[PDB]
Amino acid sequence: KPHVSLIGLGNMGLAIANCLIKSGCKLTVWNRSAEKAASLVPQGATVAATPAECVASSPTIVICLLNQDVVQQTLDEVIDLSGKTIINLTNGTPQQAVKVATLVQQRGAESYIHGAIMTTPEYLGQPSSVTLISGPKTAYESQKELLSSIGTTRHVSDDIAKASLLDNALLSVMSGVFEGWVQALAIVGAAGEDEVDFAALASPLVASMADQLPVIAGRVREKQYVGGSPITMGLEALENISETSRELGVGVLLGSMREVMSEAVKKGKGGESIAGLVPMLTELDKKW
């Protein structure tokens, strides 16, 4: 059986551990809270006392910690990475991926690849569950069979930072959808409506909007901001969402969207489509 080490046994790390044991790995684990390995012990996992001991146990090291600062802290006293391949599945920024890749290279690592898991723990290991991988193609090819334990991989780039770039863009879309969905369900529930019946009404209309995301992308690329749905009109609709909510005693999200649309109107872009908001963001480092 191939020896694999895993650092991190949180919600996603434990799911990774179970996938690696099911695929036939000899697994060594480490977690700050060592008790999170308990369900792995009857399955034959070994628990390392320290990160260094965990890394010493295997030639392939998978990491899945909260963030890349925690990865750097955890690898602090891991002096010898010669012969080791690092597979980092920890969310972070593009430059954080560069920082961790450089750290492990300085300690003699053979390769670093980054992955962004685009599913939740309970679906990890299913073929529909995608993980985006970035890093040298030779390293991806060497790890692809091990990685198939967690589902389908997609090699998106040889640049080690690109999985995190794409992760952050995809999680932006997901965060916006969830912000809008939480607002919608708060309104519907406070009004005495049934959330499940509402979802049956809303899901197909969301599917339609999903099919326009590509249309918007092309217009953004081509700087085409003229259409039939101007920002002034969308902002009026958002102000009515606030008031609908307030009347029901419900709080309101979507404030950054109101603020960037309001400023677009002040700047003379009120007749533009929401594509016109993209340059509002790219031209200024500001939290709206």
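Numbers follow the displayed sequence, beginning with 1.
*Of the two stretches 213 to 221 and 179 to 187, which shows the higher Cα B-factor on average in the entry?*
The deposited B-factors put 213 to 221 ahead on the C-alpha mean.
*Could you check which stretch, 43 to 51 or 59 to 67, carries the larger mean CA temperature factor in the entry?*
Comparing 43 to 51 with 59 to 67, the higher mean C-alpha B-factor belongs to 43 to 51.
*Selection by C-alpha B-factor (highest) of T119, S134, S142, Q95*: That would be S142.
*Between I79, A161, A101, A169, let me know which has the highest C-alpha B-factor in the entry?*
Reading the PDB entry, the winner on C-alpha B-factor is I79.
*Third of the chain, ranked by Cα B-factor, where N88 sits*: CA B-factor rank for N88: lowest third.
*asked:* Can you tell me whether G271 has a C-alpha B-factor in the lowest, middle or highest third compared with the other modelled residues of the same chain?
replied: Middle third - that is where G271 ends up once the chain's C-alpha B-factors are sorted.
_Among the modelled residues of this chain, does the Cα B factor of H114 put it in the lowest, middle or highest third?_
According to the entry, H114 has a C-alpha B-factor in the chain's lowest third.
*Compared with the other modelled residues in the chain, in which third is the CA B-factor of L281?*
Within its chain, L281 is a middle-third residue by C-alpha B-factor, going by the deposited values.
*When the modelled residues of the chain are sorted by Cα temperature factor, does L75 land in the lowest, middle or highest third?*
CA B-factor rank for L75: highest third.
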